[PDB]
Each structure stands twice: as C-alpha cells, then as structure tokens.
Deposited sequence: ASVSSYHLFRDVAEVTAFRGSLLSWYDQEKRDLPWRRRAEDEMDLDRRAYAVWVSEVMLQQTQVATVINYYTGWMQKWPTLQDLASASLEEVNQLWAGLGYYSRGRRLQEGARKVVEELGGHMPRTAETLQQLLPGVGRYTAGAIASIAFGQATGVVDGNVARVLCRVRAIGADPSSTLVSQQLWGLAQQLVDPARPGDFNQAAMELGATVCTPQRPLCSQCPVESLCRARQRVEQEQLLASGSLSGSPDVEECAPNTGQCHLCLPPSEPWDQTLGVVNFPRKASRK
C-alpha cells in the first residue's frame, strides 16, 4: 500500500515505454500474433485470439504452434467452427489436453452465431458475460488484443513480473494479492497499445523474468524493479563495494585518463 505501488506517472510512462520498445524488437514470432495483427475484420481477429488463448491455457507454447495453424486452416472463422461436428473438433484437439476446453470453444462459436448475430462482444465484461468458459483473463486478452480496449491482464507470467517489480511477497493465491496485481496491471496497461502491452508483460515473464535464474541484465525494466534494486544493494553490501582516490593528494593535478589500475600500457611502476 506504498512502496508496492506506482505512485508517479513519470514512472508508469517509463515502464510502458521500456517494455513496449523491448517487445517491438525481441518478441517471439508466433502465428497467432501474426494472424491477429494482420486480420482487419475484428470478428475474425477476435476469434483468432480466442482460439490461441484457449489453446495456451492448458498447454506449452511450443506445442500450440503445431495445432494452432492446422486449426485456423480448417476453421478460419467463428462461422466455420460453428458448423463443425464434435468428432472433427476432438481430432483437431487431440494432444492439447482436456477436451472439454475444446468442446467449449466450439459451443462458444456456435453460441456467437446463433444468439449474437455472429458478432464477438466488444468489451472485456461483455465478453466474460456472454462466452462460455471465458474468464477475466481470456476476456481481457481478447478485448485488449483484438479491440484495443485498455484493460490490463494478469496470468502467471505477469504475476511473477509484477511481484518482483513491486516486491510483493505475500501469498499470490491470496485474494488481497490477486486483487492488488490486477490493480497494478490495470494501472500499467498502455492506453494507446493495450494489446501489445499485455503481450509484452506476459512475454517478459516467459522469456526474461523466468521462474528460475531470471535475465535481469537483459531486462528492459531492471531500473524500476524493486526486487532487482534490493539484491543489487545486497550484492554491494556482500562484497565491500564503495571518482579518483589517489588524486585528493593533489595541488598540481595528475593525468585524467585514470590513474593506473591499470596500469594497462607501458606505464608503471615508477617507484
């Protein structure tokens, strides 16, 4: 409720800018990110994001690549999926884990066609209210990615990042903590590029700020990372870490390419 929040706008702005520019240059190339950014029809775009999200929920990225492409190949739109049989879905789903998520995705498409005029609802709340199995996270991913709605989202990856960035050590499954992370995400989400921001936060968690041995030296957000600052302060305190020192013994002043140490070049030792 203090040092665990983003008190100054300037900092929010720096977090957004660093994360997004890192993302624009380092993000992995994934078929759903490509499809989504290239699709100009919002209903097809939202469906494409929806499928990838359901697929990613119970399975690793590496395997979703294989299935995602084949799935969209066969059913590139809500309408196409709406008229597939249960048996066809099972075959295309085989290897993605719990089948019901897949059956539920197809029944979702069918509901959109038969009760909603084929239109994907355009807001996170509306998307959560209407589509079966679509929770707060998936609704937010579709709305921010497909529609540009400024809604922040928190999955495991973002949670790991935010817990470190604001040094939150309380049990994350706690209700107070979840609500705090969601609050942070909602405050951080970039109003102009909320989709990329969400994808960037997740990507950071998946690539740089990993469960183990995180790549803090390559992290675009190291400066604003409360956990990082703390370990840096400890590392200095653990070694004896302490702007020329020999020089204070001046009058006539010695040279300004640092005195030696080194001591690199033909100089020294001049007893």
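Asks: So, counting the deposited sequence from position 1, which segments are absent from the coordinates?
Replies: Holes in the chain trace, numbered from 1: 1-3, 246-250, 280-287.
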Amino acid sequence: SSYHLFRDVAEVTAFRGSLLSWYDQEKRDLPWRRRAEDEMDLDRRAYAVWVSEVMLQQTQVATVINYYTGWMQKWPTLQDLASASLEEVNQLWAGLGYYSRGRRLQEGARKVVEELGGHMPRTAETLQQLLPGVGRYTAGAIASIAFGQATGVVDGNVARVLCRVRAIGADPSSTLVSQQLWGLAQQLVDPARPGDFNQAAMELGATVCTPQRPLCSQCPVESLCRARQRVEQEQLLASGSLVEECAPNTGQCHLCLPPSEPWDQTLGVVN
From here on, numbers count along this sequence of modelled residues.
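Asks: Using only the Cα atoms and their B-factors as the entry lists them, report which of 179-187 and 135-143 averages higher.
Replies: According to the entry, 179-187 carries the higher average C-alpha B-factor.
Asks: Where do the C-alpha atoms have the higher mean temperature factor in this entry, in 217-225 or in 45-53?
Replies: According to the entry, 217-225 carries the higher average C-alpha B-factor.
Asks: Maximum C-alpha temperature factor per the entry, among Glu244, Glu203, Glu26, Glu39, belongs to which one?
Replies: Max CA B-factor in the entry, restricted to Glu244, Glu203, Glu26, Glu39: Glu244.
Asks: Ranked by Cα temperature factor within the chain, is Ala94 in the lowest third, the middle third or the highest third?
Replies: Highest third, going by the recorded CA B-factors of the chain.
Asks: Where does the C-alpha B-factor of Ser173 rank in its chain, lowest, middle or highest third?
Replies: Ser173: CA B-factor falls in the highest third of its chain.
Asks: Could you tell me which third, lowest, middle or highest, the C-alpha B-factor of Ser100 occupies within its chain?
Replies: Within its chain, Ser100 is a highest-third residue by C-alpha B-factor, going by the deposited values.
Asks: Grab the CA temperature factor for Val113 from the record and place it in the lowest, middle or highest third of its chain.
Replies: It falls in the bottom third of the chain.
Asks: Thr207: which third of its chain by C-alpha temperature factor?
Replies: For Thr207, whose C-alpha B-factor we compare with every modelled residue in the chain, the answer is the middle third.
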